[PDB]
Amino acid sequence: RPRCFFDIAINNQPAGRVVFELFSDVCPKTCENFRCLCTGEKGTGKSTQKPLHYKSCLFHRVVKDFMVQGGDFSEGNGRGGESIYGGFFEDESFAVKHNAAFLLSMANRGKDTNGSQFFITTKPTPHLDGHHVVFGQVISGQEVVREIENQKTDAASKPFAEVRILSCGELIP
């Protein structure tokens, strides 16, 4: 199973590192996308014409007691983003349930619209089962996730403080 990392800053101050395990045995295509977005290895987005890379990306949406969402690398606000395959891809698995905090899952714009955007649950969110593909889990940095969850937000649930991925990649064992 792949491991990836985010080094998070909050208003340019390091908050620490979040490490994910990717369930590549369950949703390999979903996992490969996220993996490559962390490394930036696939280069330029096809429609977006911007790096397929989470580096400098924002957690643009935060909802206390629900989840924290980021990965919109091209717009920083939910409108943008693109998968490593060109555009979006198909929902691959509903096997992993949204039954805990700290699950990594694909944000989307309805059926079969998986791009670069992701969310980290902060409570059990079982109503998202069948609508979003769970593909990973936080293994360390849970306290950083809580710190993000607790940001004061604006009218669109966008943090007033910039919550930015300063560095990212894959942990090669």
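Residue numbers run from 1 along the displayed sequence.
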| query | finding |
| --- | --- |
| Per the entry, higher mean C-alpha B factor between 40-48 and 62-70 | 40-48 |
| Higher-scoring stretch by recorded Cα B factor average, 143-151 or 117-125 | 143-151 |
| Where the record places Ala95 (Cα B-factor, split into thirds across the chain) | highest |
| Among modelled residues of the same chain, the CA temperature factor third for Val163 | lowest |
| Third of chain Cα B-factors occupied by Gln137 | highest |
